[PDB]
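Contents: one structure, followed by commentary.
First the proteins, then the strands, lettered A, B, ... as listed; each starts at 1. When a ligand or atom number is given, it counts from 1 through the structure's own listing order.
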Amino acid sequence: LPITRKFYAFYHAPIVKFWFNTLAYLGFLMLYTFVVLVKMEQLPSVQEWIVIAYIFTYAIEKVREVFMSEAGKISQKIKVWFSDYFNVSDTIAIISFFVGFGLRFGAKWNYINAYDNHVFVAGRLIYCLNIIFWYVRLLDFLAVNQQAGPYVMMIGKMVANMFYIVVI
Amino acid sequence: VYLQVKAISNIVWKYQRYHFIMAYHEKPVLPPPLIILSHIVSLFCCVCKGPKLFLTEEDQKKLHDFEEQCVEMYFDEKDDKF
Amino acid sequence: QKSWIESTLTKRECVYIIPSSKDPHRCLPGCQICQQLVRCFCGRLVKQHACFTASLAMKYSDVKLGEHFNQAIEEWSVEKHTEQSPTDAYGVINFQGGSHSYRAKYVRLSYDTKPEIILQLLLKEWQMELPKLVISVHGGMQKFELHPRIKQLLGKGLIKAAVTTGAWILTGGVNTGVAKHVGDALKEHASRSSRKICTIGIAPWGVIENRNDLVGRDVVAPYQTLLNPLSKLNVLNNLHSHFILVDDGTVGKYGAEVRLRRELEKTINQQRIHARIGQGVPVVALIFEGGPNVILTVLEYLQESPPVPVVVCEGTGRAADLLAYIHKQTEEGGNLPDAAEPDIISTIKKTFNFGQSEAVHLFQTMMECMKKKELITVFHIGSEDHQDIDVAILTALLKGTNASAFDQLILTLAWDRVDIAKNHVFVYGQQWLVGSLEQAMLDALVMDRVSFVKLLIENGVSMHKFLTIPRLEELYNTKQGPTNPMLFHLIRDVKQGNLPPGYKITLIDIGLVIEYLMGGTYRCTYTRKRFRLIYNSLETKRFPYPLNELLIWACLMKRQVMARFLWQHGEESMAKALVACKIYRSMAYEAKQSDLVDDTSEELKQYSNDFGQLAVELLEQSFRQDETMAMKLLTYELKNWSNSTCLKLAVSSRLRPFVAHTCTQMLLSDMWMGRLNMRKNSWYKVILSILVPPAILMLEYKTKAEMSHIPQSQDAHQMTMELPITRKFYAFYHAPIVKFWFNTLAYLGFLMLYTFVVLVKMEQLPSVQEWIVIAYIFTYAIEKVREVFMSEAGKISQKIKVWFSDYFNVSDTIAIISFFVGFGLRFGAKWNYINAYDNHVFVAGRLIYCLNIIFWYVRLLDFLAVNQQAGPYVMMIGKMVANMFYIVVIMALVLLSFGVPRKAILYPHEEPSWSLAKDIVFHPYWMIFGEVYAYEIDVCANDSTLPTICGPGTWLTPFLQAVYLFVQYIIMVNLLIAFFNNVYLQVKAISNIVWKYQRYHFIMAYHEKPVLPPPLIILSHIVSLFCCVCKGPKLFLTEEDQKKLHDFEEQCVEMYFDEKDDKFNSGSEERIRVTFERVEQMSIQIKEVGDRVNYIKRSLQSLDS
Amino acid sequence: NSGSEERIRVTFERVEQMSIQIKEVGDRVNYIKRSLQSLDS
Ligand SMILES: CCCCCCCC/C=C/CCCCCCCC(=O)O[C@@H](COC(=O)CCCCCCCCCCCCCCC)COP(=O)([O-])OCC[N+](C)(C)C
Ligand SMILES: CCCCCCCC/C=C/CCCCCCCC(=O)O[C@@H](COC(=O)CCCCCCCCCCCCCCC)COP(=O)([O-])OCC[N+](C)(C)C
Ligand SMILES: CCCCCCCC/C=C/CCCCCCCC(=O)O[C@@H](COC(=O)CCCCCCCCCCCCCCC)COP(=O)([O-])OCC[N+](C)(C)C
Ligand SMILES: CCCCCCCC/C=C/CCCCCCCC(=O)O[C@@H](COC(=O)CCCCCCCCCCCCCCC)COP(=O)([O-])OCC[N+](C)(C)C
Ligand SMILES: CCCCCCCC/C=C\CCCCCCCC(=O)O[C@@H](COC(=O)CCCCCCCCCCCCCCC)COP(=O)([O-])OCC[N+](C)(C)C
Ligand SMILES: CCCCCCCC/C=C\CCCCCCCC(=O)O[C@@H](COC(=O)CCCCCCCCCCCCCCC)COP(=O)([O-])OCC[N+](C)(C)C
Ligand SMILES: CCCCCCCC/C=C\CCCCCCCC(=O)O[C@@H](COC(=O)CCCCCCCCCCCCCCC)COP(=O)([O-])OCC[N+](C)(C)C
Ligand SMILES: CCCCCCCC/C=C\CCCCCCCC(=O)O[C@@H](COC(=O)CCCCCCCCCCCCCCC)COP(=O)([O-])OCC[N+](C)(C)C
Ligand SMILES: CCCCCCCC/C=C\CCCCCCCC(=O)O[C@@H](COC(=O)CCCCCCCCCCCCCCC)COP(=O)([O-])OCC[N+](C)(C)C
Ligand SMILES: CCCCCCCC/C=C\CCCCCCCC(=O)O[C@@H](COC(=O)CCCCCCCCCCCCCCC)COP(=O)([O-])OCC[N+](C)(C)C
Ligand SMILES: CCCCCCCC/C=C\CCCCCCCC(=O)O[C@@H](COC(=O)CCCCCCCCCCCCCCC)COP(=O)([O-])OCC[N+](C)(C)C
Ligand SMILES: CCCCCCCC/C=C\CCCCCCCC(=O)O[C@@H](COC(=O)CCCCCCCCCCCCCCC)COP(=O)([O-])OCC[N+](C)(C)C
């Protein structure tokens, strides 16, 4: 097999696209964990810019997934994609992040002490809560294993079945 | 309830492994930071220019035989057991 | 042309047009009705020709101006006047029937085709396998329907002799009479012989309907089953799978393919039935309900090189029945009684009116036939006369060639028909040649014909005289049967990689493979010096135990059914079952460790696990018979299997059900005791007698006769010849039970000291405890080095890789290496004299001790795992840690999903610090264990212990922690309870077996150990080095006890096979099914005795007359 | 006695004995139908 053919065989394999996305996603959380645990100044740090860029482009991808999906009726493609658990979480996670960035970046810094501006606080506290969506999304990557994945689906089938015991 | 939710979850897991694997044939090659290049390149070639099983005509013949031969063995072995 | 056919085969087009009778039918104008009517002496009218020589000729008159001189009318012969041209009809017809689209392969060839060409088409193009038999059916047409029973029998028998002998039933094709009954017979016994019987109808292109439809080069051409309401024409029949559509002229003329059928009845005769068999493919003729020209055709067969015999089916029809009676009423090989012509010619007359002009002319075609009775056969239907025609047909080709029984046998061997060999070839009076059954055996072994290998042994073939070196070399170097293609990949991997093209495998090369697949110190009979000499020189070339050399052959060639045959034959059954388990297990590992399209490992591991179960089921058989001798069956040296041991072979294959069998576990229990009877002693007294030496001489030992089934050391066996005092101490201290408790007390005393050194102040120099402690670990390490050297396979790397596979032996190296780092830092460090722990080399040394000790408590689980109850729980713990892994990874993610939002909301003003990696993980982990941090929740409350953390957004954290614990405690901890409850029983069953299995390696390690524990062991080490530069257990039987044991082995294998059938036969599934089959046979007979009595009650009023 | 294991096994053993006899009464009647053309003499 020639050389340039041998690269086209690697990068276009679904196994490679996976691990090439996991490392970007794990590197993404390591950065977004860092931005959320460390002091957040007036302007976003280089981490937080790398982090916004991911979520922005990650959202362009989801839009592209919905268009290039299946049955040409726009409403059908919609109703299919919003039936998976994590794809609902992705929209809340994407929408919530750009509210928080709008409030974070769109806010008059006080210069005496941060967190006297409640637009700024509200922006950060959305980040600190939006990140929960992005750890739980690792269960979608871990659900690629033959042993792990059935436990992940199982958790939810049990939460639904224990409901009435928990109401008592 | 463990055993029966574990049996359902193994099947729902195996079933959703189609939609997952087949979604990673359509995805670009670059992950979501650098994906935008792949997006732009796919818009360039949109205003400038899924997987299928290719058989030669003799392999289609050998396959339709295999289909027929296995249906025969199915009905034959169903009565031979009954 | 993209078809071998078109370049090769042709058609026939009647280029030349000739008059008919010359009468224009009626209707005065004659010139044009000549065009309307005149069937060419071809047989199709002038315009049906369409020929190019005859297309632009009708304008003038046609071919042949005017009368053409009556002589020359008698000149159309297709040869001069009909042209060979490219085929135009070859494809696949399709029949319209219930769920079967029955296919075929029509060809449309000229009758002039060379007979070589035909057989080629049949074999390569149509991809047919050369048959082991050809049943050419010849009979009469439109023979309405046979009687119900006689149709059943000719419908089961033809199918049974064609499905078992892979035969080509050559036919006529026309759906009338013969092909009509052949086809219905196929349909009544189809789908068991569907893709096994190939039925070639050789039909003419004359009497053929939808003739124009079959035309079409390379097509899936259609075809019907609606018999044309008006027509004398004939339709091809449903179930014929192939068609030879000969063409010379047109419709009618149903006599131009007869010669071509004869060609294919010849060209198959010149092919060899099998690559090893010299006999030609047989050909037989089957007559049922014939015709006037059958008895002519019958005559032709029995007068050729060689005489194609004939099997006639009386009771069906006219010619058969005629031919039935005549040859039946014949002299032994000749003429008749006082002239029988009056009845014969009268009998011939009623079938066919001939009338003494040619009714005599039949008597000549009817004499040479019956004169050849030896070649003629007849199936007397309704008289159990060779049990449908399958016996009779196949029999016909064995009795009627005056052939040697060597050839008659080999034909059955190519047919795989043992019954016809055992009932007609091995019959009384048969006289064989010196080594002819041997040549049959060699062919049966190569061809993988187990049922003939059985027969040839049962009659007289001795495998001791049979099996030689140059022969048993052949058996490896064959491609004429089921082969293991990996045997070359193995013989490559041992002979450095180089295999020349020929490379006739040698037994020495097979010995090298058996050493590599059996591993360790195994030395085969083929790699020895005594064989490499006799071998390269070439009773001596005959092996002493031949059925042990072929068991390996059948296994290396992946021939299980032959392996499961040759195993019952001979002795050392349980040994061979555990070898085979080992050969297939290693063959399987090297198949998975290689690149290949067919993995052939689930096949081999199943083959391994099939013999592994035979050994266990024979051990359970020996154990239920005698327990003491069954334990002896585990430890006697084999002497044909590299001085090995049936137990050692099972441990070599990780065949846990055999080592976990109660017999081995009870022998293992008795080797643990030693010479001590721990049934009339207690562990209190063993410990007491270790601490009080003279209490060794007050406890109960075992006699020499309670130690005969136990493998011993030589020195131990030399002290069973005499018990004196110094002998009584040698029996105590060398018992594995005593070496254990003598090591536990040193190890428990070791931890008590090392616990003391680690809890108490550690001064500049080590205390007397810490010196005693270092000494142990130092000498304990010397022991582990000695364990690795004196272990097993001489390859240093193997001994390494085995010892580092046990859990605790990995821990021992970390524990030993870590201790002498800590001692090097502890002892190698400048004491400060102001206060210790200002020197960080010294601290680091102590903190390694304080952590190294964890290795040494956990090592007590290795001592506690000696108990039958405790040990399976210890192995179980680890099997569960591995299985709970992914639940705990989810629990670690819910942890970080909570600790990162919490630390971020409660500590917003943090610069980057390593304390951020603790605080996201610390409190959320201690929450899993019931610490709620109650007064840190709601940091803005009045009872809060973190009142300074109160700020914007901190009201979120109690909501977050409420979700957190609900997930961790109410879902995830209880999911893990649910996990354990539903996996408990099966991990507990595995752990009991893995426990019982590893009790071999443990007990057998305490035979090799010195007598002194790891502090004082160094004496035993030194003494063992002194006697190394100055100077395991075996089962000793006397020669009469070896005799009594080989008997016990034989007797228990017999009881195993006997009791296996006695259970199978005495089962309701077997008793319902043979009852089922008898009630069938009876019912048939009851409606036949019921018929006869209906032919008796008619004979009450006839006798009344 | 009133169990299927016992009723299959004695049925099994009777069908054996019968079948033997049915191929012996079947033999005798084959030695009777020969005695239709002999008595005919
Ligand atoms: C599957 C895929 C799904 C896709 C889902 C995607 C959904 C995306 C959803 C998006 C929702 C976005 C909501 C943002 C909220 C803004 C409010 C705000 O901050 O107001 C403040 C800033 O007001 C300003 O005008 C700031 C202007 C400078 C900053 C630029 C804003 C960037 C917006 C981001 C663009 C996001 C890009 C989105 C890309 C996707 C006002 O507060 P103040 O200034 O303190 O007081 C003003 C009053 N005064 C005048 C009296 C003083
Ligand atoms: C299955 C079986 C497997 C077997 C596995 C066995 C594996 C065994 C593995 C062994 C690894 C051993 C690693 C030890 C680390 C030593 C480093 C150290 O302490 O350095 C210090 C002492 O430096 C000295 O030179 C001290 C010399 C006196 C003490 C003697 C050391 C004894 C080593 C024990 C021999 C162990 C015997 C092993 C027997 C087996 C340096 O620090 P300092 O002095 O405070 O400062 C110096 C700085 N200055 C120069 C500027 C002043
Ligand atoms: C198969 C099993 C393998 C393990 C797998 C799991 C990986 C485990 C990895 C865990 C990460 C821990 C990283 C430590 C961060 C640096 C620590 C440090 O700098 O000093 C601290 C170390 O001293 C201590 O006392 C704390 C040590 C951590 C204890 C962990 C307990 C929880 C277990 C968690 C288990 C759940 C894990 C969930 C998944 C991630 C001391 O305090 P500080 O403030 O940090 O620094 C000093 C400053 N000061 C003097 C002012 C105080
Ligand atoms: C069953 C029992 C419930 C009854 C039903 C009715 C609901 C009742 C609720 C009603 C909400 C209104 C209460 C606000 C009171 C005034 C503001 C105030 O004091 O805020 C306080 C906090 O609280 C907050 O800041 C807001 C809390 C909102 C979440 C409440 C739960 C929502 C419903 C359920 C959600 C579950 C999920 C929903 C899906 C199912 C501020 O006080 P602090 O925190 O001590 O800090 C002050 C000091 N500082 C200035 C330094 C910071
Ligand atoms: C979108 C796709 C992302 C994919 C990744 C690619 C992008 C990543 C590449 C580059 C981005 C990083 C830019 C760094 C800029 C400098 C920052 C700075 O000033 O100092 C910081 C340095 O930086 C760090 O310590 C790293 C911060 C992020 C933590 C996670 C890194 C791993 C994740 C991603 C990679 C792993 C791969 C994951 C695969 C398994 C901190 O400095 P400090 O010394 O701690 O400060 C002293 C503290 N003091 C003041 C209290 C004394
Ligand atoms: C499509 C999806 C939904 C989008 C919803 C819309 C989102 C955008 C919403 C709102 C627009 C932003 C308002 C601008 C602020 C005006 C007041 C101001 O100037 O500053 C004041 C802010 O006082 C506060 O109380 C700020 C609270 C902001 C957080 C609330 C939004 C949470 C969104 C829910 C999450 C949704 C996540 C997505 C869920 C899927 C005070 O600061 P200052 O003025 O600088 O100085 C002090 C002056 N003062 C003391 C005299 C007061
Ligand atoms: C610069 C960077 C350098 C490199 C970076 C290295 C990064 C390392 C990255 C990842 C670590 C895992 C490596 C093991 C992979 C094993 C192989 C595999 O594919 O197994 C499975 C895993 O399939 C997955 O999709 C796993 C996804 C892991 C991401 C989730 C992290 C969990 C964090 C939560 C925990 C919190 C604690 C986290 C710590 C704070 C899939 O295999 P399978 O489907 O079974 O197919 C085989 C089937 N067969 C056996 C029949 C053939
Ligand atoms: C701060 C951070 C905290 C930690 C983060 C933890 C992250 C989360 C961790 C793990 C997530 C597990 C992955 C889910 C897998 C998919 C399941 C799915 O699609 O839906 C499942 C259901 O729906 C659910 O199960 C909903 C999600 C359950 C999360 C549990 C929240 C409980 C807390 C609230 C209480 C708190 C009390 C306190 C209140 C203040 C599928 O169900 P089904 O049976 O297939 O079909 C349903 C239909 N039926 C009903 C007819 C059967
Ligand atoms: C390598 C294999 C080893 C095998 C064992 C053979 C070697 C063992 C033999 C001898 C070694 C011991 C030498 C002792 C030297 C004197 C020490 C000293 O000065 O005082 C110590 C005395 O000693 C003890 O109290 C015992 C210390 C070890 C702890 C337990 C040993 C038991 C295990 C081994 C034996 C049983 C085996 C059990 C088996 C089931 C302590 O004195 P104190 O009075 O506490 O101090 C007052 C405290 N105050 C200052 C605060 C007031
Ligand atoms: C083959 C297996 C691997 C072996 C690895 C190699 C092992 C050997 C490793 C290292 C060799 C020893 C180095 C000597 C110390 C040099 C510094 C010194 O002299 O003193 C300094 C010590 O300062 C420290 O920080 C000491 C820390 C020592 C512990 C680290 C080793 C842990 C090994 C991991 C465990 C592995 C266990 C085994 C795992 C299987 C200071 O003390 P001082 O000088 O007296 O006075 C103060 C002066 N000062 C304040 C100005 C500074
Ligand atoms: C100077 C000194 C004087 C004497 C000292 C006396 C020293 C006393 C020494 C030991 C105490 C145990 C004595 C009971 C023995 C019972 C008999 C036996 O063999 O049972 C089994 C134990 O087999 C073992 O190997 C047990 C090993 C014990 C060491 C682990 C200690 C646990 C510490 C952790 C706990 C922490 C707490 C620790 C304390 C802080 C083996 O038997 P079996 O395989 O079942 O074979 C019989 C089968 N049958 C029934 C079918 C026939
Ligand atoms: C300080 C003192 C602490 C207390 C001391 C305790 C001492 C320990 C006590 C008892 C030890 C139990 C004896 C083990 C028996 C042998 C098992 C074996 O060989 O391996 C088993 C596996 O591997 C293991 O099970 C590894 C050992 C498990 C120890 C548990 C550590 C968990 C802590 C970490 C988390 C901490 C979180 C916090 C992080 C900071 C066998 O597995 P298998 O199934 O046969 O085969 C595996 C292959 N498979 C995967 C395909 C199935």
*Look at ligand 8 and say whether C:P901 reaches it with a heavy atom at a distance under 4.0 Å.*
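Checking ligand 8 against C:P901, which is what was asked, there is no heavy-atom contact under 4.0 Å.
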
Of the protein's non-hydrogen atoms, which lies at the shortest distance from [atom], and what is that distance?
atom                     : value
atom 26 (C) of ligand 9  : C:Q769 NE2, 4.8 Å
atom 40 (C) of ligand 8  : C:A962 CB, 3.9 Å
atom 35 (C) of ligand 8  : C:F966 CD2, 3.7 Å
atom 8 (C) of ligand 10  : C:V821 CG1, 4.0 Å
atom 17 (C) of ligand 10 : C:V841 CG2, 4.7 Å
atom 41 (C) of ligand 9  : C:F756 CZ, 4.0 Å
atom 31 (C) of ligand 8  : C:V967 CG2, 4.5 Å
atom 7 (C) of ligand 9   : C:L753 CD1, 4.2 Å
atom 2 (C) of ligand 10  : C:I817 CG2, 3.5 Å
atom 10 (C) of ligand 9  : C:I772 CD1, 4.4 Å
atom 1 (C) of ligand 8   : C:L960 CD2, 3.5 Å
atom 25 (O) of ligand 10 : C:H840 CB, 4.2 Å

Looking at [X], which atoms of ligand 9 are within less than 4.0 Å of one of its heavy atoms?
X       : result
C:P1015 : 1 (C), 2 (C)
C:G749  : 33 (C), 34 (C), 37 (C)
C:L745  : 39 (C), 40 (C)

Give the ring-plane orientation class for [X] versus [Y], where under 30° counts as parallel, over 60° as perpendicular and anything between as tilted.
X      : Y      : value
C:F863 : C:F740 : tilted
C:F922 : C:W926 : perpendicular
A:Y127 : A:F97  : parallel

Using a distance threshold of 4.0 Å (strictly less than), state whether [atom] has a protein heavy-atom neighbour.
atom                     : result
atom 38 (C) of ligand 10 : yes
atom 51 (C) of ligand 9  : no
atom 12 (C) of ligand 10 : yes
atom 47 (C) of ligand 10 : no
atom 5 (C) of ligand 10  : no
atom 44 (O) of ligand 10 : no
atom 29 (C) of ligand 10 : yes
atom 15 (C) of ligand 9  : yes
atom 22 (C) of ligand 10 : yes

Going by the 4.0 angstrom heavy-atom rule, the piece of C:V773 near ligand 9 is neither

If you count heavy atoms of other groups shown closer than 6.0 angstrom to [atom1] of [X], is the number above 12?
X      : atom1 : value
C:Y933 : OH    : yes
C:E763 : CD    : yes
B:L3   : CG    : yes
C:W831 : CH2   : yes
C:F885 : CZ    : no
C:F804 : CZ    : yes
C:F789 : CZ    : no
C:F778 : CZ    : no

*side-chain contact (heavy atoms from CB on, under 4.5 Å) between C:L825 and C:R846: does it pass, once the steps are laid out?*
CA-CA 8 Å; C:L825 299 171; C:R846 188 174 177 274; over 6 Å; no

Exercise for review: Inspect the contact between A:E48 and A:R104 and indicate whether a charged nitrogen and a carboxylate oxygen are less than 4.0 angstrom apart.
Suggested key: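 Looking at A:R104 and A:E48, the cut-off is met.
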
Taking NZ, NE, NH1 and NH2 as the nitrogens, is one of them in C:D812 or C:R859 under 4.0 Å from a carboxylate oxygen of the other?
yes

For [X], atoms of ligand 10 separated by under 4.0 Å from a heavy atom:
X      : result
C:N839 : 45 (O)
C:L825 : 12 (C)
C:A844 : 28 (C), 29 (C)

Checklist line | Nearest option to atom 19 (O) of ligand 8, as decided by whichever heavy atom of A:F133, A:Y85, C:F959 sits closest | finding: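 Selected option, by shortest heavy-atom distance: A:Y85.
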
TODO: Taking atom types as modelled, find out whether C:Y886 and A:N145 have a side-chain donor-acceptor pair closer than 3.5 angstrom.
DONE: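 Checked: C:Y886/A:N145 side chains pair up, N/O donor to acceptor below 3.5 Å.
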
Side chains of C:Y857 and C:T755 only: does a donor on one sit below 3.5 Å from an acceptor on the other? yes

Per-atom contacts, ligand 8 versus [X] - under 4.0 Å to a heavy atom:
X      : result
A:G156 : 17 (C), 21 (C), 22 (C), 25 (O), 41 (C), 42 (O)
A:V136 : 7 (C)
A:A160 : 42 (O), 44 (O), 47 (C), 50 (C), 52 (C)
A:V152 : 15 (C)

Is the centre of the C:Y776 ring less than 6.0 Å from the centre of the C:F750 ring?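 Close enough - the centres of the two rings lie under 6.0 Å apart.
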
### Task
Indicate yes or no for a side-chain donor-acceptor contact from C:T744 to the backbone of C:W741 under 3.5 Å, with no hydrogens or angles considered.
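Present.
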
- Give a yes or no answer on whether the side chain of C:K739 reaches the backbone of C:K1009 with a donor-acceptor pair at less than 3.5 Å. yes

